[PDB]
């Protein structure tokens, strides 16, 4: 066939990546790339906040009237350390190797930035804790994560120093639209992509999940995930890993860290990746 992968395996993807045909990689990532960092999947299975209903703690209208439950939940689930995973540093290596067009992330945990992806490299489709803003439209003072953490830990509701309005993390609450950046980057990036690397997402949250259908028909798509995902739903109506018509989609099933290690090893990057992770982890462990 005219297909770009010589075989539908991780080995086939690595050979394609190091061929002249593969210049621009888009990563699509979800909570599975951060579970080994101790960040919980807010959407996965596994009280004192006295909400009118459970979903209120993540809705924008409620947050603006009663922000204390959200910031109480924030301190409770606040991670004791922000250490990106092997997967995050694999994407930094892609950037270093000149291969990363964009990382679209479902995650709000900031680990992509800590691992060295820059604003231009990222589409934080669901927002982020990395910056926060005064909610007053005429003010919009920006506050960094260090300022917000101090307010959350001292259990003081964060208020703007300029105008005393509430300060909200730049997360997309329910009732808010996705950032315009998501749609503007999608319209351009998918004209240019040679490889989709889908890591740690089961492609269940829309419109993010629809990004896989924006790839050109020839673009190979590798899923690294604990479970197979992204296939067409036999009910509702996609990834085709297993039919006789399959030609470009590959599933590597396991922990995201181990899949990225396996791919890096095939690429000849295992020592580079180990050295990067050990150095960055050491630096984070040594923060004083």
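Positions refer to the first chain, counted from 1. Think of the rigid core as the biggest set of C-alphas that the two forms share within 1.5 Å after superposition.
Here the rigid core sets the fit, and in 9 other deposited structures of this protein the C-alphas of 155-163 stray farther than those of the other stretch, out of 169-177 and 155-163.
Once the structures in 9 other deposited structures of this protein are superposed via the core, the pair 205-213 and 128-136 is resolved in favour of 128-136 as the more displaced stretch (C-alpha RMS). Of the other entries compared for this protein that flank it with modelled residues, all give atoms for residue 260, so not even a third lack it. Missing-residue comparison: residue 26 falls in the unmodelled set for none of the other PDB entries checked, so it is not missing from a third of them. According to the record, 4 to 9 deposited residues between residue 237 and residue 238 are left without atomic coordinates. On average the C-alpha atoms of 77-85 have higher B-factors than those of the other stretch, with 77-85 and 97-105 being the two compared. Legend: mean Cα B-factor per stretch from the PDB entry, 211-219 versus 140-148; the higher mean is in 140-148. Across the residues 31, 27, 261, 57, the deposited record lists the maximum Cα B factor for 57.
As recorded in the PDB entry, 71 shows the highest C-alpha B-factor of the residues 90, 190, 71, 182. Sort the modelled residues of the chain by CA B factor and residue 256 lands in the middle third.
In the PDB entry, a CA B factor belonging to the lowest third of its chain's modelled residues is recorded for residue 224. In the PDB entry, a CA B factor belonging to the lowest third of its chain's modelled residues is recorded for residue 110. Among all modelled residues in its chain, residue 160 ranks in the middle third by Cα B-factor. Ranked by Cα temperature factor within the chain, residue 1 sits in the highest third according to the deposited record.
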